[PDB]
Structure formats: C-alpha cells, structure tokens
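> Handing over model_29.txt, compact mmCIF, N, CA and C atoms and all ligand atoms.
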# COMPACT_ATOMS: atom_id res chain seq x y z
N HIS N 32 28.97 113.37 24.73
CA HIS N 32 30.16 112.85 24.07
C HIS N 32 30.03 111.35 23.79
N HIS N 33 29.03 110.71 24.40
CA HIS N 33 28.65 109.37 23.99
C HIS N 33 28.06 109.35 22.59
N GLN N 34 27.71 110.51 22.04
CA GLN N 34 27.11 110.59 20.73
C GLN N 34 28.11 110.19 19.65
N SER N 35 27.58 109.95 18.45
CA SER N 35 28.38 109.58 17.29
C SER N 35 28.03 110.50 16.14
N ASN N 36 28.96 110.61 15.19
CA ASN N 36 28.80 111.51 14.06
C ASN N 36 27.80 110.94 13.05
N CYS N 37 27.33 111.82 12.17
CA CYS N 37 26.48 111.45 11.05
C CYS N 37 27.34 111.27 9.82
N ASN N 38 27.30 110.07 9.23
CA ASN N 38 28.17 109.72 8.12
C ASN N 38 27.48 109.85 6.76
N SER N 39 26.26 110.37 6.73
CA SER N 39 25.52 110.58 5.48
C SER N 39 24.96 112.00 5.46
N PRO N 40 25.83 113.00 5.29
CA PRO N 40 25.34 114.37 5.13
C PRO N 40 24.45 114.50 3.90
N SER N 41 23.26 115.07 4.10
CA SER N 41 22.30 115.32 3.03
C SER N 41 21.67 116.68 3.32
N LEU N 42 22.14 117.71 2.63
CA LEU N 42 21.93 119.09 3.06
C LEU N 42 20.70 119.71 2.42
N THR N 43 20.02 120.55 3.20
CA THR N 43 18.94 121.40 2.73
C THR N 43 19.12 122.76 3.40
N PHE N 44 18.40 123.77 2.91
CA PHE N 44 18.61 125.15 3.34
C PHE N 44 17.29 125.80 3.73
N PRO N 45 16.76 125.44 4.90
CA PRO N 45 15.44 125.95 5.31
C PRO N 45 15.44 127.45 5.51
N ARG N 46 14.24 128.02 5.47
CA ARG N 46 14.03 129.44 5.71
C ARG N 46 12.75 129.61 6.51
N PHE N 47 12.84 130.25 7.67
CA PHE N 47 11.68 130.57 8.49
C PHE N 47 11.56 132.08 8.66
N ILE N 48 10.32 132.55 8.73
CA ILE N 48 10.02 133.94 9.04
C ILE N 48 9.67 134.03 10.52
N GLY N 49 10.19 135.06 11.18
CA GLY N 49 9.92 135.28 12.59
C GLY N 49 9.93 136.75 12.94
N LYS N 50 9.93 137.05 14.24
CA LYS N 50 9.91 138.44 14.69
C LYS N 50 11.31 139.02 14.66
N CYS N 51 11.47 140.15 13.97
CA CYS N 51 12.72 140.90 14.02
C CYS N 51 12.82 141.62 15.35
N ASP N 52 13.96 141.44 16.04
CA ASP N 52 14.12 142.05 17.35
C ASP N 52 14.20 143.57 17.26
N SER N 53 14.64 144.11 16.13
CA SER N 53 14.81 145.56 15.99
C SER N 53 13.48 146.26 15.77
N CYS N 54 12.83 146.00 14.63
CA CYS N 54 11.56 146.66 14.34
C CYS N 54 10.37 145.99 15.02
N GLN N 55 10.53 144.75 15.48
CA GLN N 55 9.51 143.99 16.19
C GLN N 55 8.37 143.54 15.28
N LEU N 56 8.55 143.62 13.97
CA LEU N 56 7.58 143.10 13.03
C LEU N 56 7.95 141.67 12.63
N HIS N 57 6.96 140.95 12.10
CA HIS N 57 7.12 139.55 11.72
C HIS N 57 7.76 139.47 10.34
N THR N 58 9.01 139.94 10.27
CA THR N 58 9.71 140.13 9.00
C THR N 58 11.14 139.61 9.01
N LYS N 59 11.55 138.88 10.05
CA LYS N 59 12.91 138.37 10.15
C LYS N 59 12.99 136.99 9.52
N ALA N 60 13.81 136.86 8.48
CA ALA N 60 13.98 135.60 7.77
C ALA N 60 15.28 134.95 8.23
N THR N 61 15.16 133.80 8.88
CA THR N 61 16.31 133.03 9.35
C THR N 61 16.59 131.93 8.33
N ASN N 62 17.78 131.97 7.74
CA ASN N 62 18.19 131.01 6.72
C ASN N 62 19.26 130.09 7.30
N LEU N 63 19.07 128.78 7.12
CA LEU N 63 19.91 127.79 7.76
C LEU N 63 20.49 126.84 6.72
N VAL N 64 21.42 126.00 7.18
CA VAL N 64 21.82 124.78 6.49
C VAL N 64 21.51 123.63 7.43
N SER N 65 20.81 122.62 6.92
CA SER N 65 20.38 121.49 7.73
C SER N 65 20.72 120.18 7.03
N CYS N 66 21.08 119.18 7.83
CA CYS N 66 21.23 117.82 7.36
C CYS N 66 19.96 117.06 7.69
N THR N 67 19.27 116.57 6.66
CA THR N 67 18.04 115.83 6.88
C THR N 67 18.29 114.49 7.55
N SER N 68 19.50 113.94 7.42
CA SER N 68 19.79 112.63 8.00
C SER N 68 19.87 112.70 9.52
N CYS N 69 20.59 113.70 10.05
CA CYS N 69 20.78 113.85 11.48
C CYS N 69 20.02 115.02 12.08
N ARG N 70 19.44 115.89 11.26
CA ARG N 70 18.54 116.95 11.73
C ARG N 70 19.25 117.98 12.61
N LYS N 71 20.54 118.21 12.37
CA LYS N 71 21.25 119.31 12.99
C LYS N 71 21.37 120.46 11.99
N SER N 72 21.48 121.68 12.52
CA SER N 72 21.38 122.87 11.69
C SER N 72 22.41 123.91 12.12
N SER N 73 22.81 124.74 11.16
CA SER N 73 23.73 125.85 11.39
C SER N 73 23.20 127.09 10.69
N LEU N 74 23.22 128.22 11.40
CA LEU N 74 22.75 129.47 10.82
C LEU N 74 23.66 129.90 9.67
N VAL N 75 23.04 130.29 8.56
CA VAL N 75 23.77 130.82 7.41
C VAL N 75 23.71 132.35 7.38
N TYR N 76 22.51 132.92 7.44
CA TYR N 76 22.38 134.37 7.48
C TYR N 76 20.96 134.73 7.90
N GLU N 77 20.82 135.95 8.42
CA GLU N 77 19.53 136.51 8.79
C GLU N 77 19.31 137.82 8.05
N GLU N 78 18.04 138.15 7.81
CA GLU N 78 17.69 139.42 7.19
C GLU N 78 16.28 139.80 7.63
N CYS N 79 16.06 141.10 7.77
CA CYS N 79 14.73 141.65 7.96
C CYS N 79 14.28 142.31 6.67
N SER N 80 13.01 142.14 6.33
CA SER N 80 12.45 142.71 5.11
C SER N 80 11.89 144.11 5.32
N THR N 81 11.90 144.62 6.55
CA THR N 81 11.35 145.94 6.82
C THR N 81 12.28 147.02 6.28
N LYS N 82 11.73 147.90 5.44
CA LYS N 82 12.51 148.98 4.86
C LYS N 82 12.95 149.95 5.95
N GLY N 83 14.25 150.21 6.02
CA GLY N 83 14.80 151.13 7.00
C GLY N 83 15.19 150.50 8.32
N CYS N 84 14.90 149.23 8.53
CA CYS N 84 15.27 148.57 9.78
C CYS N 84 16.77 148.32 9.80
N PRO N 85 17.45 148.55 10.93
CA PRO N 85 18.89 148.25 10.99
C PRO N 85 19.22 146.81 10.64
N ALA N 86 18.29 145.89 10.87
CA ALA N 86 18.49 144.48 10.54
C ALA N 86 18.26 144.18 9.06
N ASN N 87 17.87 145.18 8.27
CA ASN N 87 17.80 145.05 6.82
C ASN N 87 19.11 145.54 6.23
N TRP N 88 19.80 144.67 5.50
CA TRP N 88 21.16 144.93 5.04
C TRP N 88 21.22 145.74 3.74
N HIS N 89 20.08 146.15 3.20
CA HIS N 89 20.06 146.95 1.98
C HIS N 89 20.32 148.42 2.28
N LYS N 90 20.91 149.11 1.30
CA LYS N 90 21.06 150.55 1.40
C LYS N 90 19.70 151.21 1.62
N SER N 91 19.74 152.42 2.18
CA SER N 91 18.52 153.20 2.33
C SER N 91 17.95 153.64 0.99
N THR N 92 18.78 153.72 -0.05
CA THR N 92 18.36 154.15 -1.37
C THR N 92 17.95 153.00 -2.28
N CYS N 93 17.91 151.77 -1.76
CA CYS N 93 17.56 150.62 -2.58
C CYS N 93 16.09 150.68 -2.98
N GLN N 94 15.83 150.71 -4.29
CA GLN N 94 14.47 150.76 -4.79
C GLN N 94 13.80 149.39 -4.74
N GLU N 95 14.53 148.34 -5.08
CA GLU N 95 13.98 146.99 -5.19
C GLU N 95 15.02 145.94 -4.84
N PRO N 96 14.82 145.17 -3.77
CA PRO N 96 15.72 144.04 -3.50
C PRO N 96 15.81 143.08 -4.68
N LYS N 97 16.98 142.99 -5.30
CA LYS N 97 17.24 142.05 -6.39
C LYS N 97 18.19 140.98 -5.84
N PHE N 98 17.61 139.93 -5.29
CA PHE N 98 18.35 138.93 -4.53
C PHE N 98 19.13 138.01 -5.46
N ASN N 99 20.42 137.81 -5.15
CA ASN N 99 21.23 136.81 -5.82
C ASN N 99 22.18 136.19 -4.81
N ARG N 100 22.50 134.91 -5.02
CA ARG N 100 23.16 134.09 -4.01
C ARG N 100 24.34 133.37 -4.63
N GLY N 101 25.50 133.46 -3.98
CA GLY N 101 26.72 132.86 -4.49
C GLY N 101 27.29 131.79 -3.58
N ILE N 102 28.10 130.90 -4.15
CA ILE N 102 28.68 129.78 -3.41
C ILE N 102 30.18 129.75 -3.68
N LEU N 103 30.97 129.75 -2.61
CA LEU N 103 32.41 129.52 -2.69
C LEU N 103 32.73 128.20 -2.01
N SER N 104 33.70 127.47 -2.55
CA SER N 104 34.08 126.16 -2.05
C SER N 104 35.50 126.22 -1.50
N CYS N 105 35.67 125.79 -0.25
CA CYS N 105 36.94 125.91 0.44
C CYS N 105 37.34 124.59 1.08
N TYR N 106 38.62 124.51 1.43
CA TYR N 106 39.09 123.46 2.33
C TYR N 106 38.87 123.89 3.77
N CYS N 107 38.40 122.95 4.59
CA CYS N 107 38.08 123.24 5.98
C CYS N 107 39.33 123.14 6.84
N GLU N 108 39.44 124.05 7.81
CA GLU N 108 40.59 124.08 8.69
C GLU N 108 40.48 123.09 9.85
N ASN N 109 39.30 122.50 10.06
CA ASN N 109 39.09 121.55 11.14
C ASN N 109 39.19 120.10 10.69
N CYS N 110 38.60 119.75 9.54
CA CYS N 110 38.57 118.38 9.07
C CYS N 110 39.40 118.16 7.81
N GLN N 111 39.93 119.22 7.20
CA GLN N 111 40.82 119.15 6.04
C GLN N 111 40.14 118.57 4.81
N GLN N 112 38.81 118.48 4.80
CA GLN N 112 38.07 118.06 3.62
C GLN N 112 37.74 119.27 2.76
N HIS N 113 37.36 118.99 1.51
CA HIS N 113 36.85 120.04 0.63
C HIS N 113 35.34 120.17 0.77
N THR N 114 34.89 120.38 2.01
CA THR N 114 33.47 120.36 2.36
C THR N 114 32.99 121.69 2.94
N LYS N 115 33.80 122.74 2.88
CA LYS N 115 33.43 124.03 3.44
C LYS N 115 32.83 124.92 2.36
N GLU N 116 31.80 125.67 2.72
CA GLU N 116 31.16 126.61 1.81
C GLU N 116 31.05 127.97 2.48
N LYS N 117 31.40 129.01 1.74
CA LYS N 117 31.13 130.39 2.12
C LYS N 117 30.12 130.94 1.11
N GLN N 118 28.90 131.17 1.56
CA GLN N 118 27.86 131.70 0.70
C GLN N 118 27.88 133.23 0.75
N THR N 119 27.45 133.84 -0.36
CA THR N 119 27.43 135.29 -0.49
C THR N 119 26.02 135.74 -0.82
N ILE N 120 25.55 136.77 -0.12
CA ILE N 120 24.23 137.35 -0.31
C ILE N 120 24.42 138.83 -0.60
N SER N 121 23.98 139.27 -1.78
CA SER N 121 24.09 140.67 -2.16
C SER N 121 22.91 141.05 -3.04
N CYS N 122 22.76 142.35 -3.26
CA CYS N 122 21.67 142.92 -4.04
C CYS N 122 22.21 143.47 -5.35
N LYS N 123 21.60 143.06 -6.46
CA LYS N 123 22.09 143.48 -7.77
C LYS N 123 21.83 144.96 -8.03
N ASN N 124 20.79 145.52 -7.42
CA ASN N 124 20.48 146.93 -7.62
C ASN N 124 21.29 147.82 -6.68
N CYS N 125 21.26 147.52 -5.38
CA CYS N 125 21.81 148.44 -4.39
C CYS N 125 23.24 148.13 -3.99
N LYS N 126 23.74 146.92 -4.25
CA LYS N 126 25.15 146.54 -4.15
C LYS N 126 25.59 146.23 -2.72
N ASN N 127 24.72 146.32 -1.72
CA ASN N 127 25.08 145.92 -0.37
C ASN N 127 25.03 144.40 -0.24
N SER N 128 25.57 143.91 0.87
CA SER N 128 25.63 142.48 1.13
C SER N 128 25.19 142.20 2.56
N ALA N 129 24.75 140.97 2.79
CA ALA N 129 24.40 140.49 4.12
C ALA N 129 25.55 139.69 4.71
N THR N 130 25.69 139.77 6.03
CA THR N 130 26.68 138.95 6.72
C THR N 130 26.28 137.49 6.64
N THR N 131 27.27 136.63 6.40
CA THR N 131 27.05 135.20 6.23
C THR N 131 28.03 134.43 7.09
N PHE N 132 27.58 133.27 7.57
CA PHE N 132 28.41 132.34 8.32
C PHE N 132 28.67 131.11 7.47
N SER N 133 29.94 130.71 7.40
CA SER N 133 30.30 129.54 6.62
C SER N 133 29.88 128.27 7.35
N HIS N 134 29.99 127.14 6.64
CA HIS N 134 29.68 125.85 7.22
C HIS N 134 30.52 124.79 6.53
N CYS N 135 30.70 123.66 7.22
CA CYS N 135 31.37 122.49 6.67
C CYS N 135 30.43 121.30 6.79
N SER N 136 30.29 120.55 5.70
CA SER N 136 29.33 119.47 5.62
C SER N 136 29.92 118.10 5.94
N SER N 137 31.21 118.02 6.26
CA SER N 137 31.81 116.73 6.54
C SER N 137 31.14 116.09 7.75
N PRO N 138 31.16 114.76 7.85
CA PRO N 138 30.65 114.13 9.08
C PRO N 138 31.23 114.74 10.34
N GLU N 139 32.53 115.00 10.37
CA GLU N 139 33.19 115.50 11.57
C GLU N 139 32.63 116.86 11.99
N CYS N 140 32.48 117.78 11.03
CA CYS N 140 32.12 119.15 11.37
C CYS N 140 30.61 119.33 11.51
N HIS N 141 29.84 118.86 10.53
CA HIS N 141 28.40 119.13 10.54
C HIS N 141 27.71 118.48 11.73
N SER N 142 28.30 117.43 12.31
CA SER N 142 27.72 116.79 13.49
C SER N 142 27.77 117.70 14.72
N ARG N 143 28.61 118.72 14.71
CA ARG N 143 28.71 119.67 15.81
C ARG N 143 27.86 120.91 15.60
N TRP N 144 27.15 121.01 14.48
CA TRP N 144 26.24 122.12 14.27
C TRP N 144 25.26 122.23 15.43
N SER N 145 24.88 123.47 15.74
CA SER N 145 23.91 123.74 16.79
C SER N 145 23.01 124.88 16.36
N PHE N 146 21.82 124.93 16.94
CA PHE N 146 20.91 126.04 16.70
C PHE N 146 19.75 126.02 17.68
ZN ZN N 201 13.33 144.61 11.31
ZN ZN N 202 23.93 114.62 9.30
ZN ZN N 203 35.26 120.69 8.24
ZN ZN N 204 19.18 146.33 -2.32
So that I can check it, write out the structure of this file as structure tokens.

Amino acid sequence: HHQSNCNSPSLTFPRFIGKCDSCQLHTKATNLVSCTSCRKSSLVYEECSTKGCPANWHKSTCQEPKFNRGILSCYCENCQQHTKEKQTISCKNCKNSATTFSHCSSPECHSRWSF
C-alpha cells in the first residue's frame, strides 16, 4: 500500500501459448491486457486450439475457426471514467463465443491489475 498508481497507461495485448490443463497439449493461448509503463497485466480470455477439448470454445461442428474480435466501451463502476472495455470473441462460421473478462485502463483501476 506504500505503492503508487501508474499515471501513463499505455496498453498492449500480449498472447502466450502454454499447456492446456484439459487436453495437456501445448495449445492454450492466454490473452492479456498489459500496460507497458507499469508492466501490470489482466487476463482477457483463454482458449485452447485442440479440436474437441472442453477448453476450446468452438462448436463440435465448427469446420474452420474464423476469428473476429469486438470492442465495447463502458463507464467504469469503480473509477467513473470512460476507460472500461468489454471485448467480444466469437467465430464467424460456428457462432460460438469465448468467455471474456473486462478491464479498466484508468490509473486507479489498471494499477490493481494482477496476474
Ligand atoms: Zn485443450
Ligand atoms: Zn500502467
Ligand atoms: Zn475503472
Ligand atoms: Zn468456430
């Protein structure tokens, strides 16, 4: 609590591949939001690329993942700024969606990000 907030949010959206806990293959993609200024991060969404894995959010009948990504802009309930984003992940072919976690980029909120 001796710490101080970051007053220059500068956001990037890293993606790392790792081991999926379900199928145990090296196919789990962890997508984040990160501030390069303070180097804190918040999980946005996870997905496994293994066909048929419960951690893969596509229908069983999906022929081809057609990835598209959406952005919604909201007012934040913690800092009252217009700095909140709800991202959407869905497939144009199969119509399923991945679970997503929102984030707020304000100095007040993004400084409390953890990962
Ligand atoms: Zn998997
Ligand atoms: Zn920062
Ligand atoms: Zn906020
Ligand atoms: Zn699909």
> Work out how far apart CA of residue 137 (chain N) and atom C of residue 120 (chain N) are and give it in Å to one decimal.
24.4 Å
> Residues at most 8 Å from ligand ZN 202 (chain N), using all atoms listed in the file? Could they come as a list in words?
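These are the residues that qualify: residues 36, 37, 38, 39, 40, 41, 42, 65, 66, 67, 68, 69, 70, 71, 136, 137, 138, 141 and 142 of chain N.
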> Report the distance between atom C of residue 73 (chain N) and atom C of residue 101 (chain N) in Å, rounded to one decimal place.
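Atom C of residue 101 (chain N) lies 15.6 Å from atom C of residue 73 (chain N).
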> At a cut-off of 6 Å around ligand ZN 204 (chain N), and using only N, CA and C atoms and all ligand atoms, what residues come up? Please write them as a list in words.
residues 89, 90, 93, 94, 95, 96, 97, 122, 123, 124, 125, 126 and 127 of chain N
> Mind giving me the straight-line distance from atom N of residue 53 (chain N) to atom C of residue 88 (chain N) in Å, one decimal?
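These atoms are spaced 14.1 Å apart.
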> If the limit is 6 Å from any atom of ligand ZN 203 (chain N), counting only N, CA and C atoms and all ligand atoms, which residues qualify? Return them as a PyMOL selection string.
chain N and resi 107-112+114-115+135-137+139-140
> Using DSSP secondary structure from the backbone, list all helix (DSSP H, G or I) positions within chain N, as a list in words.
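Here are the helix (DSSP H, G or I) residues of chain N: residues 138, 139, 140 and 141 of chain N.
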> Between N:100, N:82, N:117, N:143, which has the minimum distance to ligand ZN 201 (chain N) (counting only N, CA and C atoms and all ligand atoms)?
N:82
